[PDB]
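Engineer: Here is my input, please return the structure:
(chains A, B, C, D, E and F)
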Amino acid sequence: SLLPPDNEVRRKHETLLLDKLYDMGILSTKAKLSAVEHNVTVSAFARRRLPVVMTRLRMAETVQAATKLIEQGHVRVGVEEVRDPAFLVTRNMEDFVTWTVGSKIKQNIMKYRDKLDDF
Amino acid sequence: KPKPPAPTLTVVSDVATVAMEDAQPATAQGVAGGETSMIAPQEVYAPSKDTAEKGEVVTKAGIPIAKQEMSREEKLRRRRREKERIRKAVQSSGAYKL
Amino acid sequence: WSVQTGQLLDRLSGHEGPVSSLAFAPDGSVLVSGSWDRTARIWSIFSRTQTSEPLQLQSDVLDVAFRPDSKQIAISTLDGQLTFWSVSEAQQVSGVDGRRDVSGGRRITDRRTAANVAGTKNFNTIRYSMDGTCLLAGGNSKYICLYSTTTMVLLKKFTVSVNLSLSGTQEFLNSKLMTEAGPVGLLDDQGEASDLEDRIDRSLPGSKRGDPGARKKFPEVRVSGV
Amino acid sequence: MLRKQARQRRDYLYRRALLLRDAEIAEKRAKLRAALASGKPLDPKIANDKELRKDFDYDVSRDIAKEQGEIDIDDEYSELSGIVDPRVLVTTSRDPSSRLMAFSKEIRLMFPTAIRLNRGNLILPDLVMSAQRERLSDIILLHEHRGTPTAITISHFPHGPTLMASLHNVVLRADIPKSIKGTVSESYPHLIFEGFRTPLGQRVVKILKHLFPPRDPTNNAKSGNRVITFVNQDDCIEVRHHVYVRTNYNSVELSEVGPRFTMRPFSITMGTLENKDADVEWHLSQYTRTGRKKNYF
RNA sequence: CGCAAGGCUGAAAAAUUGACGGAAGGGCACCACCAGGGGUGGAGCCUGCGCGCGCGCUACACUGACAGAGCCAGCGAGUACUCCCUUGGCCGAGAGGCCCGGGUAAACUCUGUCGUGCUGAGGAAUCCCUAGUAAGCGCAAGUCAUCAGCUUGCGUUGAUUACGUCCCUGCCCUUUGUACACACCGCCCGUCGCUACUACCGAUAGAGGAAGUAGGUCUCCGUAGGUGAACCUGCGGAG
RNA sequence: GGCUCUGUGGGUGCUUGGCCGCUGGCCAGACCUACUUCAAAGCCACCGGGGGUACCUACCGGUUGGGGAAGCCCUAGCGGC
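Structural biologist: Numbers count the residues shown, from 1 in each chain, chains lettered A, B, ... in the order given. Shown next is the protein structure:
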């Protein structure tokens, strides 16, 4: 902000900062620097954490149950199992968080949907 | 997403590759390795129009040929090839009547 | 891309997920991609027709390797199984279910038994021998397996480290190291340091892949390449 | 992959709604910047908003960049505008006729980078699935009445808009003999658009000119020998496809090489071909009182 | 309200960057070759386009007819849907309502009965087509444009033959650029324009016509001066 | 006879003693309080962002009144600069 408004490096680093924060999912728009004024927030980081983002994705029911499930280790993010309940899930890894391989929670979901393939 | 690619230039010298190697009692290369001068002959000397002589031209082959010894037909053909690259990129009554 | 040109030749496509392992055939005719759409692709690029034959698998593909005499390929999935396919007639000719053979675990910060830890039961990387007769397979686990590609048996298993300062090197941790505040190799003991640069914790919360802070107390055992 | 398409479409719709609210605020912020430079007195409701001034000090620069045109608007085409060659497949309805298949071939040859696909027994969600699985930019569906085509459906992918239009006055390439016609040249065509002035007209101009690969801008004003013309009167966009030689610096000889349409659009939906429940952006309002008087585009 | 709003007039250039090619070498293409498949075109019906033309639809027999047995889908639910019009009679003061007459598949599989019998699969051309593709089959819907003379979905059964090459027909592009190592290549060719200069030709210093070229440190001593013991500078000698 | 729950011991890393004022002693302890020449070298030392600064504190530069380490000189003193 304190740079002059027609500055090239100001414009380039505004677009870089907004694109970085929108790719990490903290901001919901990438067209205002007042988003980084009063919308970037430790609560925005803490809701980009893993048990809250799988509460939102409805992998669990509540953030307490989600922290219990990812402490017991049913949740992988991508291809690697995640035991840390503070792993910050970015906007393009929210498409890859899912259950682990031999999960009893996955067997519970398939047994509910009556698609329990035992092979 | 990493970063936009911004141009960065690196100045290499004419020292051998055992000056880029790490510090150790002896080199890992043999005796043949260690004379490779880290810049190619194209960077030691490349014949071009900016480093040619005054009377001469250099061709696309890297050979000095002079404008005086060049014939008219080859001058016309070199002009045509350079032009092809450029294309790729009240009076008096007596004065009226007589 | 092309090496002698420098610019981008193509973006091949047909994968419904991120592509995890690539392998060009050692004669030079076939690219094979393997991706988390539970699929692999025999890409033929260098012919006049550019074609893609899919190999449908059971889980996410983790590794792809060729035989040196290029008629065979081994692809290692996320179930923990290796499948040996043929590249000429794209049929699976062989297979190893290798979860038990690589499952050696129980890190600190792991509330499962080492037999129930999923995640250290797969082969992240596989390489044929230079003979072409034995795979070697290693994942995020203590064991390296050395399989035979014809007789399909495990010839020899190795242990990478005896080092107990690493985290996942014994599958049965002892109950002497479990206090009433968690394990004894888990309490933050930075505050009992004489030097300030050792006492300062410049670590980021939830950073699995590297941070310059890097507490790195009791790192895991994983074979990331063979 | 499918979770990524759904997530990116939802993020796009949320960003568009936030852009609506931010435009409602930024119409007020552009009065404060113009009054600061010119000194004309402004409204008290604008000059006495502390949040507006406090955030204006950070958000000057994007308004200046939009005034200079240095940035581009959040759009489904602005992500890959002149970077990728848009690949596009043309398909028929389910059981095509021979003249519909030859017409599908003709409007495939209209685009230099298009491909044609045989429908046969191909369910339409799996058609959309295969398009997103092979990263196609556009699909175009054709509908015939009885050997004469009556509808196009131009759908942009991954989640872009459909334009459904009905065709009239179709004169096929496959009616004239091979002695008079010939193999159409496949060079990158120039495009001209005539009569689009509303923002809806610029919308249909965008979703029609992002079907063609981008022209090399070094010497495009004189090179290239093939033009495609979209000109609308009474909101029925009429399209010709010519090939030309410049027989002098003052004159040009045209030669009609492709099919002639006068397509009329009747539906522009912000959502792909599978979504029948996508939110429409415009539709041809027949059976209203002044829907025949009012001209859109 | 003021300007715009006064007719040497009477319809059908730029260029040191430009105009057009040729030869060689690449890339691609069911508008190309190659191997096959399928339409249309023969008879009848009809939308449409301008009597003609195609696009659909139907009939045309070994892939047969009759009678049985068994066994398979998917999309589809707005108190909403109905094929006519009539001979009679009922109850109808009258308008109507009644009654009785007349005009969740196809396919497939198995088992038997009969046996080619106006009971004949489309010429020249021309077009299209390479995997759940060609082709057969039914079921459903009718979505502000188009479509009942049909349209669009949806399932079912599911092949032959290419998947190579630029030889033919073409299309695009290289011969300038856009990156550097290895490695390889090695001044593509023609007809004119334009510009600069040079001289020529001939009518009245001049507009045209025609052409060509582009090497004494340290220490000491003897001196002479300086600000004097000393100390400094300069010189001449020895170590 | 069975399930469940609980307790103790061993194991879950390669085997060199219990304690102390530890080259020696003690496990029944013993003796109790001495001995002393000359305080100290400096630096660093993690509070989220923008902003206010009356008062307190930190740093820098000064002002009055006292204080005199040390440096310099000599008429030698209770000295002088």
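
Engineer: Which residues are in contact with the spatially most central residue of chain A?
Structural biologist: The centroid of chain A falls nearest to residue A:89 when counting by Cα atoms, centre = their mean (3.2 Å). With contact set as Cβ atoms under 8 Å, 6 or more residues apart in numbering or on different chains, residue A:89 has these partners: A:25, A:48-50, A:53-54, A:77, A:97. In this view, the C-beta of every residue, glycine as well, is placed from N, C-alpha and C.

Engineer: Would you mind giving those as CSV with neighbour count added?
Structural biologist: Listed next are the contacts of residue A:89 as CSV, based on neighbours: other Cβ atoms under 10 Å in any protein chain shown:
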residue, neighbour count
A:25, 20
A:48, 19
A:49, 21
A:50, 25
A:53, 23
A:54, 23
A:77, 20
A:97, 20
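
Engineer: Keep only those of the residues you listed that are in strands.
Structural biologist: A:77, A:97 (DSSP state E).

Engineer: residues touching residue D:216, list them.
Structural biologist: Residue D:216 neighbours (Cβ under 8 Å, 6+ apart): residue D:188.

Engineer: for it, helix, strand, or coil?
Structural biologist: coil (DSSP: H, G, I helix; E, B strand; the rest coil).

Engineer: With RNA strand F as the reference, measure out to it.
Structural biologist: Separation of residue D:216 from RNA strand F (Cβ to the nearest atom of the strand, to the nearest Å): 47 Å.

Engineer: Break down chain B into its strands, ranges please.
Structural biologist: Assigned by DSSP E, chain B shows strands spanning B:56-58, B:64-66.

Engineer: Figure out which of those strands is closest to chain C.
Structural biologist: Among the strands of chain B, the nearest to chain C by Cβ to the nearest Cβ is strand B:56-58 (24.9 Å).

Engineer: hmm, that closest one touching RNA strand E?
Structural biologist: No. If you take Cβ under 7 Å from any atom of the strand as the test, strand B:56-58 misses RNA strand E, and the best it gets is 7.6 Å.

Engineer: what residues does that strand touch?
Structural biologist: For strand B:56-58, contacts defined as Cβ under 8 Å, 6+ apart pick out B:47-49, B:52, B:64-67, B:70, B:78.

Engineer: Return the member of these nearest to chain C.
Structural biologist: Closest to chain C, out of all of those and judged by Cβ to the nearest Cβ, is residue B:48, at 21.2 Å.

Engineer: Up against chain A, what does chain D have?
Structural biologist: Contact residues (Cβ under 8 Å from any Cβ of the partner chain) of chain D with chain A: D:3-4, D:7, D:11, D:14-15, D:18-19, D:22, D:55, D:57-62, D:64-65, D:70-71, D:74.

Engineer: typed the wrong thing, it's chain C
Structural biologist: Checking chain C against chain A by Cβ under 8 Å from any Cβ, the hits are C:18, C:20, C:36, C:59-60, C:62, C:78-80, C:107, C:109-112, C:116-119, C:121-122, C:140, C:205-208.

Engineer: Chain neighbours aside, what residue packs nearest to residue 26?
Structural biologist: Unless you meant another one, I'm taking chain A. Nearest non-adjacent residue to residue A:26, counting by Cβ to Cβ, 6 or more residues apart in numbering or on different chains: residue A:44, 4.6 Å away.

Engineer: Oops, wrong one, chain D.
Structural biologist: Nearest one to residue D:26, counting by Cβ to Cβ, 6+ apart, is residue D:63 at 6.8 Å.

Engineer: Would you double-check that residue D:80 falls in a helix?
Structural biologist: No. Counting by three-state DSSP, one finds residue D:80 to be coil, located in no helix.

Engineer: That one - how many residues pack around it?
Structural biologist: Residues near residue D:80, counting by other Cβ atoms under 10 Å in any protein chain shown, number 12.

Engineer: and it, what does it touch?
Structural biologist: Applying Cβ under 8 Å, 6+ apart, the residues near residue D:80 are D:86, D:137.

Engineer: and the gap between it and residue C:211?
Structural biologist: Noted for residue D:80: a distance of 33 Å to residue C:211, by Cβ to Cβ, to the nearest Å.

Engineer: Burial check on residue C:214, number of neighbours?
Structural biologist: Close neighbours of residue C:214, defined as other Cβ under 10 Å, add up to 12.

Engineer: any idea which element the residue nearest to residue D:26 lies in?
Structural biologist: Here residue D:63 sits within helix D:61-68, counting by DSSP states H and E.

Engineer: For the residue nearest to the centre of chain A, which non-adjacent residue is spatially closest?
Structural biologist: Spatial nearest neighbour of residue A:89, excluding adjacent residues (Cβ to Cβ, 6+ apart): residue A:53 at 4.7 Å.

Engineer: thinking residue B:67 is in contact with residue B:55, fair?
Structural biologist: Yes. Counting by Cβ atoms under 8 Å, residue B:67 touches residue B:55, with 6.3 Å between them.

Engineer: coming back round to it: please list all residues in contact with the residue nearest to residue A:89.
Structural biologist: By Cβ under 8 Å, 6+ apart, the residues touching residue A:53 are A:47, A:89, A:94, A:97.

Engineer: Identify the farthest-apart pair in the residues you listed.
Structural biologist: A:47 and A:97 (14.4 Å; Cβ to Cβ).

Engineer: Within range of RNA strand E, give me the residues from chain A.
Structural biologist: Residues of chain A lying near RNA strand E (Cβ under 7 Å from any atom of the strand): none found.

Engineer: Now the helix holding residue D:63: buried residues?
Structural biologist: When neighbours are counted by 16 or more other Cβ atoms under 10 Å in any protein chain shown, the buried residues of helix D:61-68 are found to be D:61-63, D:65.

Engineer: now for that helix, which elements pack on it?
Structural biologist: When contacts are defined as 3 or more Cβ pairs under 8 Å, 6 or more residues apart in numbering or on different chains; DSSP states H and E, helix D:61-68 packs onto helix A:8-24, helix D:2-38.

Engineer: Toward the C-terminus from that helix, list the very next helix or strand.
Structural biologist: By DSSP H and E, the next helix or strand past helix D:61-68 is strand D:88-91.
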